[PDB]
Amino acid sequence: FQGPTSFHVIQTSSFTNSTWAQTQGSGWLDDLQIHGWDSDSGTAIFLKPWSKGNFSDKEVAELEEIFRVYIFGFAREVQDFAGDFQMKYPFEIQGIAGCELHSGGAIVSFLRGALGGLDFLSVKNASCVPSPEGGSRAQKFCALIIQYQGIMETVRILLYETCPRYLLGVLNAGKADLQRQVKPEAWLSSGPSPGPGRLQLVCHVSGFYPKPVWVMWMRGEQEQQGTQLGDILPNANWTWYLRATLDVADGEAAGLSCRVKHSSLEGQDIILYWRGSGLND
C-alpha cells in the first residue's frame, strides 16, 4: 500500500573510554520517526498520538523496561569484555531490529549489528550469525551471547511474535497520517555543466508524501533516459525533496519538459516546460 511497511528500532552506542558510554535510540516506520529514547529517564518518547499502536500501557511499560534494562546492561557487559575482545577506545556500535510487511502479507523480521561502521552480526531465528566483516571478534561474540541465559529467547519473541502484531496495530492506528497524500510543488532551474557547450537542466520536486515518486525529463512522449536523479532528501514535516537533472547540449534544450507522477496527483501529472534553446534565451 501507500505508506511505510516496516517497523524498526535502532541503537547507536558510543564508548569513549573504559567508564563512559552513551546510547541513543529511536523507533521508526520506514524513515518516519515515531519513537524517541530519552536517556534522561530511560523511557520512550511517543512522537505521535498513535505511536503505541494497539498495545496496552502495560505492554508498552514492559517493553520500555526491557529496552531500559537492555541499554544499561549492554554497555556494562561490553565494557567488561572490552579487554578480552582486544577493543581500542573509542568505538561505536550500531544495531537495528524490527519487521517488515511484504506484498502478499508475510511479515519478515530482522536484527543486525555493526562495529566501527562495518557489519558485525545478524540474527536468524534465535541464532547469532557472525558477519565475515566482524572477523574472529564476531565469532567470539556470537559464541558468548548464546550463554547469557534467556537473552536469545527474549530476542526471538520480540522479533517473531511481538514485532509483527505491533507493526500491524500501529499501521492501522496511524493510517490517517501514514496514508495521507500530499501533492508536490515543482519548478525548474538551470546551470552550467562540466563540458563544452553543455548545460544542466534541473527539475525540482518538493513536498510530496508518500515517498515513491516518478520524475523524468521528456521530449513529448519520449522519456529522456539520460535523466539523473539526486538523493531523495527529507523535509521536516514528513515530506521529501528530489531533483532530476539532464545534461543537454547548448542549443538542444528546446522541446524539453519535466513530468512528475505521484499517487497524490490522481493521474494528473505535473508537466513543466523548458523554454529556449540555452540558459534562458
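We call the rigid core the largest set of C-alpha positions that still match within 1.5 Å between the two forms. Start at 1 and count along the sequence shown; that's the residue number.
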Notebook entry, point to check: After fitting on the rigid core, which stretch moves more in 8 other deposited structures of this protein, 121 to 129 or 72 to 80, going by C-alpha RMS?
Noted result: 121 to 129
Next item on the list: Would you say which of 214 to 222 and 32 to 40 moves more relative to the shown form in 8 other deposited structures of this protein, going by RMS C-alpha distance with the core superposed?
Entry: 214 to 222
Notebook entry, point to check: For the C-alpha atoms alone, is the average B factor greater in 190 to 198 or in 85 to 93, going by the entry?
Noted result: 190 to 198
Next item on the list: Name the higher of the two by mean Cα B-factor in the PDB entry, 112 to 120 versus 180 to 188.
Entry: 180 to 188
Notebook entry, point to check: Which has the highest CA B-factor per the PDB entry: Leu159, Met152, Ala106, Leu167?
Noted result: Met152
Notebook entry, point to check: Which listed residue, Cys163, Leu171, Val129, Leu144, has the largest C-alpha temperature factor in the record?
Noted result: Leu144
Check: Which third of the chain holds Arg243 when residues are ordered by C-alpha B factor: lowest, middle or highest?
Finding: middle
Item checked: Chain third (lowest, middle, highest) by recorded CA B-factor, residue given as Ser18 -> highest
Checklist line | Modelled-residue ranking by C-alpha temperature factor, third containing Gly255 | finding: lowest
Check: Would the CA B-factor of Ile232 place it in the lowest, middle or highest third of its chain?
Finding: middle
Item checked: Assigned third (lowest, middle, highest) for the C-alpha B factor of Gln225 -> middle
